[PDB]
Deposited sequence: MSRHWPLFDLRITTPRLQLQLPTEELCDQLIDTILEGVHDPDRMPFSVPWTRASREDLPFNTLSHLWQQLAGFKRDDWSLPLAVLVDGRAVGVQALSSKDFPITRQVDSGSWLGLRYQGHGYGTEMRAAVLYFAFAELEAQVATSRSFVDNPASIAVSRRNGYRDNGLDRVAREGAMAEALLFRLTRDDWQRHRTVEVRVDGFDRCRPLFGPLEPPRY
């Protein structure tokens, strides 16, 4: 939308551009994924609509050559107080195995640490998703506990991760640029 400055945020790496999904990018994302189409829109709509200073979720479309290939989300409750963010992500099947996962994580963590002035970033992976765990290792996260949840009716264990600003800085390798954030700054605090 042209009535919401978060739509003008761009985060760019040498290979990727991240931005809030417009109608066109959402439909590209659904093609990438392909009840699922509506569930995907519904979820993105609800995240966009629920943005508040003290409870926000930014689902960023990840673009390779201008094409949406997945989503890298950043979120936080009580950010102005905790200075802690959490992330989640998915990447289309045919785009996995090319290091986009690591690069797109790098991109949101730069945004978090350099623009939002976060002090900690968290993530989690199912223990049977080594690719996502490898992304966390590469970005310098430290193990931060075990959790058990219901995943499609069966027990799944999740590994939790913690990345401080200092550890982030020591481990970073990806060049990241942020544009459009000046008008957005008042939304976060």
item: Sequence ranges absent from the coordinates, based on the deposited chain and numbered from 1; value: 1, 36 to 56, 212 to 218
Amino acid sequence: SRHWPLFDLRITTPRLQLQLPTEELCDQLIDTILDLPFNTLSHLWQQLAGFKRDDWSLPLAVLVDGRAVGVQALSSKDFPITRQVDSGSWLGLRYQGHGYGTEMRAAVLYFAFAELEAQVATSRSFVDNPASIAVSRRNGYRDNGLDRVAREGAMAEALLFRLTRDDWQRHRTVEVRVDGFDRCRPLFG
From here on, numbers count along this sequence of modelled residues.
property	result
Which of 76 to 84 and 93 to 101 has higher mean CA B factor, as the PDB entry lists it	93 to 101
Higher-B stretch (mean Cα B-factor, as the entry records it), 127 to 135 or 35 to 43	35 to 43
Deposited CA B-factor, highest of 158, 121, 48, 154	48
Residue of maximum C-alpha B factor among 30, 149, 60, 63, per deposited coordinates	30
Residue 163 - which third its CA temperature factor falls in, relative to the rest of the chain	lowest
